[PDB]
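The form deposited without this ligand is given below as one chain in structure tokens.
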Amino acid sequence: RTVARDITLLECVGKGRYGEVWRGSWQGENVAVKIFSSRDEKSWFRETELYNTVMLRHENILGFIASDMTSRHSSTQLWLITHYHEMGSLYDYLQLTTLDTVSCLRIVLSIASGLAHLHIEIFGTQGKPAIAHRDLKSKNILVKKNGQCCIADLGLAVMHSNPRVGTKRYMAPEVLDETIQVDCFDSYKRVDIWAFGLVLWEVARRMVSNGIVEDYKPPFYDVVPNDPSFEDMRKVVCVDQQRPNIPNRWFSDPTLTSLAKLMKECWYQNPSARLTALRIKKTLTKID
């Protein structure tokens, strides 16, 4: 039989230190092709090892298609091929649109659903190890046409049944002050919950209430520079214990009032006090 492996690369939709992401076509279907830089080859190996261990399939997890290593003259080429989401990342989407109550809740519940799926160990033969993402942020969430999102980029993920770090802006206090209990898998889940709370804040700002909305801003936009240093973040999050500001106007809206409470419970200094992804999901299903 013929094994069709050609992928037509059509447009570059992202470029960074990690390499590039391309919209491509295989057998008439859109795919996304992440071409890894040499600097980020470990992310391809980690995501490939994870998917070789457990073939994750979930509506709120970016859908895997293939991992490819191709030998070249003096180098190795590494591609990750996934489903393609033409609306782009949540980071991109929130810059050009505001949200109503239903759309806001649908986004955040779908993220919580993908995150709880990663976090939970499932036993039996169609089960999965528990997984922590370790780089959750709005650029690593994609928006689907049906209004739900999916979580992307498991290049830093850890499974439970040289060392790298996530994006500094989204790092939890215990990462920045180096107290994280690196031998406890639950510690990594709690780092994800902190970052989820920041994403919740980014989304909520874009939900209209009483004719008011906030402009899109990244977490800590008002207290750290672009490309904040580790020390910049440590001073804000650990030393001064600052948290993203909740605007007054949210307290006139029942949804945003509830989401503010939820955020706060993701942002406790004590990691063990933070809500779990499953508890976040339940709370979200009862809002509105």
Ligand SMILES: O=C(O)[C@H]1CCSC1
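In this text, residue numbers run from 1 along the sequence as written. Basically, rigid core = biggest C-alpha set you can superpose within 1.5 Å across the two forms.
The stretch that strays farther, by root mean square C-alpha distance over structures and residues in 6 other deposited structures of this protein after a rigid core fit, is 44-52, when 218-226 is set against 44-52. Averaged over structures and residues, the CA distance from the shown form in 6 other deposited structures of this protein after a core fit is larger for 75-83, of the two stretches 75-83 and 175-183. Compared with other PDB entries of the same protein, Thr125 is missing from at least a third of those that resolve the residues around it. Among other deposited entries of this protein with both flanking residues present, none omit coordinates for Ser103; it is modelled throughout, well short of a third. A chain break between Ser161 and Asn162 is present, corresponding to 10 or more residues of the deposited sequence without coordinates. Averaged over their C-alpha atoms, the temperature factors of 275-283 and 18-26 are higher for 18-26. Of the two segments examined, 127-135 and 199-207, it is 127-135 that shows the higher average Cα temperature factor in the deposited entry. Highest C-alpha temperature factor among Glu49, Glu41, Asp222, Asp227 per the entry: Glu41.
Within the listed group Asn140, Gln77, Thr167, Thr82, the record reports its top CA B-factor for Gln77. Looking at the C-alpha B-factors along this chain, the one for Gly63 belongs to the lowest third. When the modelled residues of the chain are ordered by C-alpha B-factor, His73 sits in the highest third.
In this PDB entry, the Cα temperature factor of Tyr93 sits in the middle third of its chain's modelled residues.
In the PDB entry, a CA B factor belonging to the middle third of its chain's modelled residues is recorded for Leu99. In this PDB entry, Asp192 carries a Cα temperature factor that places it within the lowest third of its chain's modelled residues.
As for the form solved in complex with this ligand, it is not shown, yet the points below apply to it.
Figure note: of the listed segments 98-106, 199-207, 183-191, 120-128, the one touching this ligand in the deposited bound form, with heavy atoms no more than 4.5 Å away, is 120-128. Each of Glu41, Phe45 and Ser113 comes within 4.5 Å of this ligand in the deposited bound form, counting any heavy atom.
Exactly one listed residue, out of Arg243, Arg234, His58, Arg249, brings a non-hydrogen atom to within 4.5 Å of this ligand in the deposited bound form: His58.
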